[PDB]
Each structure stands twice: as structure tokens, then as C-alpha cells.
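*Asks:* What follows is data.cif, mmCIF, C-alpha atoms and all ligand atoms.
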data_model
#
loop_
_atom_site.group_PDB
_atom_site.id
_atom_site.type_symbol
_atom_site.label_atom_id
_atom_site.label_comp_id
_atom_site.auth_asym_id
_atom_site.auth_seq_id
_atom_site.Cartn_x
_atom_site.Cartn_y
_atom_site.Cartn_z
ATOM 1 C CA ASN O 257 -38.334 -111.907 -149.786
ATOM 2 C CA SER O 258 -34.970 -110.541 -150.963
ATOM 3 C CA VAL O 259 -36.292 -106.993 -151.417
ATOM 4 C CA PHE O 260 -38.722 -107.061 -148.467
ATOM 5 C CA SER O 261 -36.617 -108.539 -145.702
ATOM 6 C CA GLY O 262 -39.157 -107.068 -143.201
ATOM 7 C CA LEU O 263 -42.217 -109.022 -144.460
ATOM 8 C CA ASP O 264 -42.734 -110.581 -141.009
ATOM 9 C CA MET O 265 -43.204 -107.128 -139.530
ATOM 10 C CA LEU O 266 -46.008 -106.162 -141.954
ATOM 11 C CA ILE O 267 -49.168 -105.515 -139.963
ATOM 12 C CA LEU O 268 -52.164 -107.438 -141.304
ATOM 13 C CA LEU O 269 -55.365 -105.424 -141.026
ATOM 14 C CA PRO O 270 -58.922 -106.787 -141.003
ATOM 15 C CA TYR O 271 -61.120 -105.341 -143.731
ATOM 16 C CA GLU O 272 -64.559 -105.374 -145.359
ATOM 17 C CA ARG O 273 -64.851 -105.867 -149.122
ATOM 18 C CA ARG O 274 -66.840 -103.188 -150.941
ATOM 19 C CA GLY O 275 -66.501 -104.283 -154.565
ATOM 20 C CA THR O 276 -63.136 -103.153 -155.924
ATOM 21 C CA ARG O 277 -62.350 -101.587 -152.503
ATOM 22 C CA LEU O 278 -60.885 -103.299 -149.467
ATOM 23 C CA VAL O 279 -61.988 -101.046 -146.589
ATOM 24 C CA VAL O 280 -60.133 -101.082 -143.265
ATOM 25 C CA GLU O 281 -61.468 -97.783 -141.923
ATOM 26 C CA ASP O 282 -63.986 -95.268 -143.188
ATOM 27 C CA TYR O 283 -62.935 -91.639 -143.578
ATOM 28 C CA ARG O 284 -62.191 -89.903 -140.286
ATOM 29 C CA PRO O 285 -62.482 -86.131 -140.830
ATOM 30 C CA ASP O 286 -59.933 -85.441 -138.017
ATOM 31 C CA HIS O 287 -57.231 -87.376 -139.962
ATOM 32 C CA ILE O 288 -55.314 -86.472 -143.105
ATOM 33 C CA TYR O 289 -54.902 -88.943 -145.977
ATOM 34 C CA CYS O 290 -53.000 -89.402 -149.198
ATOM 35 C CA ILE O 291 -53.439 -91.869 -152.045
ATOM 36 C CA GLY O 292 -50.771 -93.731 -154.009
ATOM 37 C CA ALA O 293 -51.982 -94.357 -157.575
ATOM 38 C CA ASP O 294 -50.643 -96.804 -160.196
ATOM 39 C CA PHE O 295 -52.474 -97.120 -163.608
ATOM 40 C CA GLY O 296 -52.820 -100.174 -165.853
ATOM 41 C CA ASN O 298 -56.010 -102.975 -169.990
ATOM 42 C CA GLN O 299 -56.025 -106.438 -168.432
ATOM 43 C CA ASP O 300 -53.240 -104.911 -166.258
ATOM 44 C CA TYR O 301 -54.355 -103.531 -162.893
ATOM 45 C CA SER O 302 -54.771 -100.060 -161.568
ATOM 46 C CA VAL O 303 -54.332 -99.740 -157.799
ATOM 47 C CA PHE O 304 -55.150 -96.841 -155.484
ATOM 48 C CA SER O 305 -53.913 -97.050 -151.838
ATOM 49 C CA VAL O 306 -55.331 -94.705 -149.224
ATOM 50 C CA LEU O 307 -52.894 -94.036 -146.384
ATOM 51 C CA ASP O 308 -53.880 -92.439 -143.112
ATOM 52 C CA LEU O 309 -50.925 -90.148 -142.507
ATOM 53 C CA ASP O 310 -51.752 -89.844 -138.803
ATOM 54 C CA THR O 311 -51.670 -93.612 -138.114
ATOM 55 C CA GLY O 312 -49.371 -94.886 -140.882
ATOM 56 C CA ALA O 313 -51.968 -97.565 -141.786
ATOM 57 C CA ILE O 314 -53.764 -98.146 -145.092
ATOM 58 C CA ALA O 315 -57.410 -97.191 -144.677
ATOM 59 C CA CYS O 316 -58.605 -98.448 -148.059
ATOM 60 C CA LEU O 317 -57.131 -100.114 -151.121
ATOM 61 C CA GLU O 318 -58.885 -100.173 -154.497
ATOM 62 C CA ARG O 319 -57.817 -102.464 -157.329
ATOM 63 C CA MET O 320 -59.365 -103.094 -160.759
ATOM 64 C CA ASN O 321 -58.625 -104.276 -164.273
ATOM 65 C CA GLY O 322 -60.647 -104.343 -167.480
ATOM 66 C CA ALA O 323 -62.045 -100.878 -166.735
ATOM 67 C CA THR O 324 -61.909 -98.063 -169.281
ATOM 68 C CA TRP O 325 -59.489 -95.152 -168.763
ATOM 69 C CA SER O 326 -62.292 -92.717 -167.860
ATOM 70 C CA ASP O 327 -63.866 -95.150 -165.339
ATOM 71 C CA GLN O 328 -60.459 -95.647 -163.673
ATOM 72 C CA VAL O 329 -60.036 -91.868 -163.342
ATOM 73 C CA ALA O 330 -63.679 -91.638 -162.144
ATOM 74 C CA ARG O 331 -62.956 -94.210 -159.382
ATOM 75 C CA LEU O 332 -59.791 -92.338 -158.367
ATOM 76 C CA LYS O 333 -61.699 -89.062 -158.187
ATOM 77 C CA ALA O 334 -64.393 -90.738 -156.030
ATOM 78 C CA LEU O 335 -61.866 -92.348 -153.667
ATOM 79 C CA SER O 336 -60.001 -89.063 -153.187
ATOM 80 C CA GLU O 337 -63.258 -87.260 -152.514
ATOM 81 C CA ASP O 338 -64.415 -89.972 -150.098
ATOM 82 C CA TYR O 339 -61.274 -89.478 -147.967
ATOM 83 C CA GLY O 340 -61.397 -85.674 -147.790
ATOM 84 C CA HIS O 341 -59.954 -84.960 -151.274
ATOM 85 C CA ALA O 342 -56.867 -86.846 -150.240
ATOM 86 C CA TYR O 343 -53.971 -85.756 -152.421
ATOM 87 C CA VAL O 344 -52.838 -88.325 -154.966
ATOM 88 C CA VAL O 345 -49.212 -89.331 -155.529
ATOM 89 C CA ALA O 346 -49.699 -90.457 -159.110
ATOM 90 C CA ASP O 347 -47.374 -92.350 -161.371
ATOM 91 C CA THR O 348 -47.960 -90.068 -164.403
ATOM 92 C CA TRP O 349 -45.306 -91.796 -166.560
ATOM 93 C CA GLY O 350 -46.797 -92.876 -169.879
ATOM 94 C CA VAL O 351 -47.280 -91.396 -173.373
ATOM 95 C CA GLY O 352 -46.600 -87.623 -173.222
ATOM 96 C CA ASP O 353 -48.481 -85.640 -170.562
ATOM 97 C CA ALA O 354 -51.665 -87.700 -171.240
ATOM 98 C CA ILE O 355 -52.162 -89.095 -167.716
ATOM 99 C CA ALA O 356 -51.602 -85.697 -166.022
ATOM 100 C CA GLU O 357 -53.937 -83.970 -168.547
ATOM 101 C CA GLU O 358 -56.835 -86.308 -167.676
ATOM 102 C CA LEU O 359 -56.177 -85.931 -163.925
ATOM 103 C CA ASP O 360 -56.085 -82.120 -164.348
ATOM 104 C CA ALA O 361 -59.250 -82.186 -166.538
ATOM 105 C CA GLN O 362 -61.178 -84.159 -163.875
ATOM 106 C CA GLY O 363 -60.057 -81.806 -161.060
ATOM 107 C CA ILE O 364 -58.122 -84.506 -159.164
ATOM 108 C CA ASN O 365 -55.818 -83.187 -156.440
ATOM 109 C CA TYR O 366 -52.444 -84.793 -157.373
ATOM 110 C CA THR O 367 -48.645 -84.566 -157.262
ATOM 111 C CA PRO O 368 -46.826 -86.172 -160.224
ATOM 112 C CA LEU O 369 -44.216 -88.844 -159.456
ATOM 113 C CA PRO O 370 -43.365 -90.420 -162.813
ATOM 114 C CA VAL O 371 -41.690 -93.786 -162.317
ATOM 115 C CA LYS O 372 -39.506 -93.293 -165.352
ATOM 116 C CA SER O 373 -36.371 -95.222 -164.356
ATOM 117 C CA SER O 374 -35.090 -97.911 -161.994
ATOM 118 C CA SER O 375 -33.622 -95.147 -159.817
ATOM 119 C CA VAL O 376 -37.102 -93.794 -159.127
ATOM 120 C CA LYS O 377 -38.611 -97.272 -158.626
ATOM 121 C CA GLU O 378 -35.841 -98.310 -156.214
ATOM 122 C CA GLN O 379 -36.190 -95.024 -154.301
ATOM 123 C CA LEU O 380 -39.878 -95.849 -153.701
ATOM 124 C CA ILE O 381 -39.493 -99.569 -153.001
ATOM 125 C CA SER O 382 -36.455 -99.112 -150.696
ATOM 126 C CA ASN O 383 -38.437 -96.620 -148.586
ATOM 127 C CA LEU O 384 -41.418 -99.024 -148.372
ATOM 128 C CA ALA O 385 -39.061 -101.855 -147.407
ATOM 129 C CA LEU O 386 -37.367 -99.826 -144.653
ATOM 130 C CA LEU O 387 -40.673 -98.723 -143.154
ATOM 131 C CA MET O 388 -41.845 -102.330 -143.289
ATOM 132 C CA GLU O 389 -38.697 -103.490 -141.421
ATOM 133 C CA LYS O 390 -39.587 -100.976 -138.684
ATOM 134 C CA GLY O 391 -43.125 -102.350 -138.271
ATOM 135 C CA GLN O 392 -44.653 -99.180 -139.735
ATOM 136 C CA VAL O 393 -46.514 -100.604 -142.722
ATOM 137 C CA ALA O 394 -50.058 -101.929 -142.249
ATOM 138 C CA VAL O 395 -52.141 -103.291 -145.109
ATOM 139 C CA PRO O 396 -55.416 -105.232 -145.535
ATOM 140 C CA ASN O 397 -54.869 -108.938 -144.776
ATOM 141 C CA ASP O 398 -55.700 -110.010 -148.335
ATOM 142 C CA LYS O 399 -54.014 -112.874 -150.227
ATOM 143 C CA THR O 400 -53.501 -110.937 -153.465
ATOM 144 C CA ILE O 401 -51.731 -108.075 -151.640
ATOM 145 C CA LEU O 402 -49.509 -110.380 -149.582
ATOM 146 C CA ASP O 403 -48.553 -112.534 -152.631
ATOM 147 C CA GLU O 404 -47.401 -109.466 -154.626
ATOM 148 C CA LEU O 405 -45.235 -108.367 -151.697
ATOM 149 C CA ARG O 406 -43.895 -111.882 -151.005
ATOM 150 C CA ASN O 407 -43.122 -112.537 -154.693
ATOM 151 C CA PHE O 408 -41.833 -109.051 -155.560
ATOM 152 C CA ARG O 409 -38.761 -108.972 -157.825
ATOM 153 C CA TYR O 410 -37.288 -106.074 -159.819
ATOM 154 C CA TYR O 411 -36.895 -108.281 -162.961
ATOM 155 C CA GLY O 426 -46.049 -111.442 -162.091
ATOM 156 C CA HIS O 427 -47.791 -108.188 -161.188
ATOM 157 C CA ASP O 428 -46.329 -105.446 -158.956
ATOM 158 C CA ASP O 429 -49.104 -102.814 -159.249
ATOM 159 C CA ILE O 430 -50.114 -103.200 -155.568
ATOM 160 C CA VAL O 431 -46.491 -102.863 -154.475
ATOM 161 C CA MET O 432 -46.037 -99.700 -156.489
ATOM 162 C CA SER O 433 -49.260 -98.145 -155.271
ATOM 163 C CA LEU O 434 -48.328 -98.841 -151.650
ATOM 164 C CA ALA O 435 -44.841 -97.440 -152.242
ATOM 165 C CA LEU O 436 -46.275 -94.265 -153.772
ATOM 166 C CA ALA O 437 -48.533 -93.798 -150.710
ATOM 167 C CA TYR O 438 -45.840 -94.540 -148.139
ATOM 168 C CA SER O 439 -43.468 -92.100 -149.899
ATOM 169 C CA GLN O 440 -45.447 -89.442 -147.949
ATOM 170 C CA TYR O 441 -45.025 -91.028 -144.531
ATOM 171 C CA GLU O 442 -42.307 -89.950 -142.060
HETATM 172 ZN ZN ZN P 501 -41.822 -115.016 -142.367
HETATM 173 ZN ZN ZN P 502 -65.035 -83.368 -154.825
HETATM 174 ZN ZN ZN P 503 -49.692 -105.573 -163.307
HETATM 175 ZN ZN ZN P 504 -48.657 -101.136 -162.731
#
As C-alpha cells, how would this structure be written, given the file I've shared?
*Replies:*
Amino acid sequence: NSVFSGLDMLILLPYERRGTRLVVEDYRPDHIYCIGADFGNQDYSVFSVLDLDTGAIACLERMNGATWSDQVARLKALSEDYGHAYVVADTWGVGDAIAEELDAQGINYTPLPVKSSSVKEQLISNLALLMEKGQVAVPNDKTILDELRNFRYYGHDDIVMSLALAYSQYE
């Protein structure tokens, strides 16, 4: 891939399906986690749980055709399940609507509105560099790998963006 020149170094994790969740590891209370969150109607929302101690994705949740409140409900549940993992949320949409609903549901988040190509490239370039270094590990799932393999800046990229938002927190 032109953007992800380090695709061969991506670590491919075994996982168990649990509905909309791909689960690599259950919550370890001795580890700290964050979540990268992208929001979609028939477009997908994707929430990626990163173990900040290992640098590996512990869980990835993906859904479409779910109502706005159900999406936010799933995000709240996933955060809570991994120790109220803080959420790096793409809050860019109509007004402050996304942030309002996250604040109203008590979700622990940091806003990172992907409002321009500069912000998108900042996130994707970081993911790509970590991947080159062998530091990105994701569930070995066809849908995830296809989005990464077929990624172009200008054909869904919601998984890519969610992963990039999570890995923005990893040194
Ligand atoms: Zn290859
Ligand atoms: Zn809670
Ligand atoms: Zn999409
Ligand atoms: Zn998206």
C-alpha cells in the first residue's frame, strides 16, 4: 500500500468474535487503555481499544445501521468494560452535537475533530510509522486488513481512522 508501506510488519492477532466486538484480550486491571472512536447510517462506526502498556489492540467494535443513541451506548459500555478507558473521539460533525451527546452520557473523552486533511494525515502518518516499526497489532480479520491494504486518501476507511485515533496516544 502506498500510504502503509509497513503493512508486512502489522502483527496479526488471534481473536474471539463477540457480536460487533472482535476480542483479543479481556480487560486487565493492571493495564491502561484508550479507545479511538470514529462515528458513521449505513456508514460504520468503529471503536478501537488499545492497550497502552503493550501497544496491541485488545478489542475492536464495528457496527452500522445502529441508531445514534445505541452507538453512544455501545461506546459507553466498551469504555466502562476496559476501565473507563479514555476515548479519542472524532467529534467533527454538525456543531457541537457529537461532543454534547458524549458529555450527556458521561463518556470520558478527548475531542480530536478530523476537520481537514492536515489532521487526517497527522493521524494516518503516525499510524503508518508505528506500523513500519512493527508496533501495530490488530485482530487478524479480513475486513480490517482490506481497509488497511486498500486505504487511499481520495471504499470505507472507518477502521483505519479509529485505529489511527487510538494509536495517536501510543509512544
Ligand atoms: Zn506484503
Ligand atoms: Zn461507568
Ligand atoms: Zn465508511
Ligand atoms: Zn468514518
*Asks:* For each of O:426, O:340, O:275, O:368, take the minimum atom-to-atom distance to ligand ZN 504 (chain P), counting only C-alpha atoms and all ligand atoms, then give the residue where this is smallest.
*Replies:*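 Checking each of O:426, O:340, O:275, O:368 against ligand ZN 504 (chain P), counting only C-alpha atoms and all ligand atoms, the winner is O:426.
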*Asks:* Can you check which parts of chain O lie within 12 Å of ligand ZN 501 (chain P)? Per residue, the shortest pair of atoms and distance in Å to one decimal, counting only C-alpha atoms and all ligand atoms, sorted by chain and number, as a tab-separated table.
*Replies:*
residue	atom	partner	partner_atom	distance
O:257	CA	P:ZN501	ZN	8.8
O:258	CA	P:ZN501	ZN	11.9
O:260	CA	P:ZN501	ZN	10.5
O:261	CA	P:ZN501	ZN	9.0
O:262	CA	P:ZN501	ZN	8.4
O:263	CA	P:ZN501	ZN	6.4
O:264	CA	P:ZN501	ZN	4.7
O:265	CA	P:ZN501	ZN	8.5
O:266	CA	P:ZN501	ZN	9.8
O:389	CA	P:ZN501	ZN	12.0
O:402	CA	P:ZN501	ZN	11.5
O:405	CA	P:ZN501	ZN	12.0
O:406	CA	P:ZN501	ZN	9.4
*Asks:* Only C-alpha atoms, please: the residues just picked out, written as a PDB file, in the frame of the given file.
*Replies:*
ATOM      1  CA  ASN O 257     -38.334-111.907-149.786  1.00  0.00           C
ATOM      2  CA  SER O 258     -34.970-110.541-150.963  1.00  0.00           C
ATOM      3  CA  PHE O 260     -38.722-107.061-148.467  1.00  0.00           C
ATOM      4  CA  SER O 261     -36.617-108.539-145.702  1.00  0.00           C
ATOM      5  CA  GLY O 262     -39.157-107.068-143.201  1.00  0.00           C
ATOM      6  CA  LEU O 263     -42.217-109.022-144.460  1.00  0.00           C
ATOM      7  CA  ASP O 264     -42.734-110.581-141.009  1.00  0.00           C
ATOM      8  CA  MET O 265     -43.204-107.128-139.530  1.00  0.00           C
ATOM      9  CA  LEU O 266     -46.008-106.162-141.954  1.00  0.00           C
ATOM     10  CA  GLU O 389     -38.697-103.490-141.421  1.00  0.00           C
ATOM     11  CA  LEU O 402     -49.509-110.380-149.582  1.00  0.00           C
ATOM     12  CA  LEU O 405     -45.235-108.367-151.697  1.00  0.00           C
ATOM     13  CA  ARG O 406     -43.895-111.882-151.005  1.00  0.00           C
TER      14      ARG O 406
END
*Asks:* Hey, which residues sit close to ligand ZN 504 (chain P)? Say within 7 Å, counting all atoms listed in the file, and write them as JSON, numbers by chain.
*Replies:* {"O": [294, 295, 296, 300, 301, 302, 428, 429, 432]}
*Asks:* For the PyMOL selection byres (((not hetatm)) within 8 of (chain P and resi 502)), applied here, can you spell out every residue it catches as a list in words?
*Replies:*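 Applied to this file, the PyMOL selection byres (((not hetatm)) within 8 of (chain P and resi 502)) returns residues 333, 334, 336, 337 and 341 of chain O.
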*Asks:* For each of O:355, O:283, O:438, O:360, take the minimum atom-to-atom distance to residue 394 in chain O, counting all atoms listed in the file, then give the residue where this is smallest.
*Replies:*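 Of all the options, O:438 lies closest to residue 394 in chain O.
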*Asks:* Between CA of residue 270 in chain O and CA of residue 408 in chain O, what is the spacing in Å?
*Replies:* 22.6 Å
*Asks:* Name every residue that the PyMOL selection byres (((chain O and resi 392) around 10) and not hetatm) selects in this structure, writing the answer as an MDAnalysis selection string with chains first and numbers rising.
*Replies:* chainID O and resid 265:267 311:313 384:391 393:394 438 441:442
*Asks:* Please measure the separation of CA of residue 338 in chain O and CA of residue 279 in chain O, giving the value in Å to one decimal.
*Replies:*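 CA of residue 279 in chain O lies 11.9 Å from CA of residue 338 in chain O.
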*Asks:* What separation in Å, quoted to one decimal, exists between CA of residue 373 in chain O and CA of residue 349 in chain O?
*Replies:*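 One can read the CA of residue 373 in chain O to CA of residue 349 in chain O distance as 9.8 Å.
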*Asks:* Just want the 10 Å neighbourhood of residue 366 in chain O, counted on all atoms listed in the file, with same-chain residues fewer than 2 positions away dropped. Output as an MDAnalysis selection string.
*Replies:* chainID O and resid 290:293 336 341:348 356 359:360 363:364 368:369
*Asks:* Nearest to residue 380 in chain O: which of O:354, O:330, O:434, O:361 is it, counting all atoms listed in the file?
*Replies:*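 Among the listed residues, the smallest separation from residue 380 in chain O belongs to O:434.
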*Asks:* When you look at residue 282 in chain O with a cut-off of 10 Å (counting all atoms listed in the file), what residues show up, excluding the ones that are within fewer than 2 positions of it in the same chain? I need them as a list in words.
*Replies:* residues 279, 280, 284, 285, 315, 316, 338 and 339 of chain O
*Asks:* Could you work out an axis-aligned box for range 340-353 of chain O, taking every atom the file lists and adding 4 Å on each side, and report centre and edge lengths in Å to one decimal, as AutoDock Vina command-line options?
*Replies:*
--center_x -53.4 --center_y -88.9 --center_z -160.6 --size_x 24.1 --size_y 15.9 --size_z 33.6
*Asks:* Using all atoms listed in the file, which of O:286, O:308, O:276, O:375 sits nearest residue 321 in chain O?
*Replies:*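 Closest candidate: O:276.
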*Asks:* O:320, O:382, O:277, O:268: which is nearest ligand ZN 503 (chain P), counting only C-alpha atoms and all ligand atoms?
*Replies:*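 Comparing O:320, O:382, O:277, O:268 against ligand ZN 503 (chain P), the winner is O:320.
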*Asks:* May I ask which of the residues O:288, O:323, O:430, O:314 is the closest one to ligand ZN 503 (chain P), counting all atoms listed in the file?
*Replies:*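 Counting all atoms listed in the file, the residue closest to ligand ZN 503 (chain P) is O:430.
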*Asks:* List as a list in words the protein and nucleic acid residues near residue 317 in chain O, meaning an atom at most 8 Å away when all atoms listed in the file are counted, but skip any in the same chain fewer than 6 places from it.
*Replies:*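 Here the answer would be residues 277, 278, 279, 303, 304, 305, 306 and 396 of chain O.
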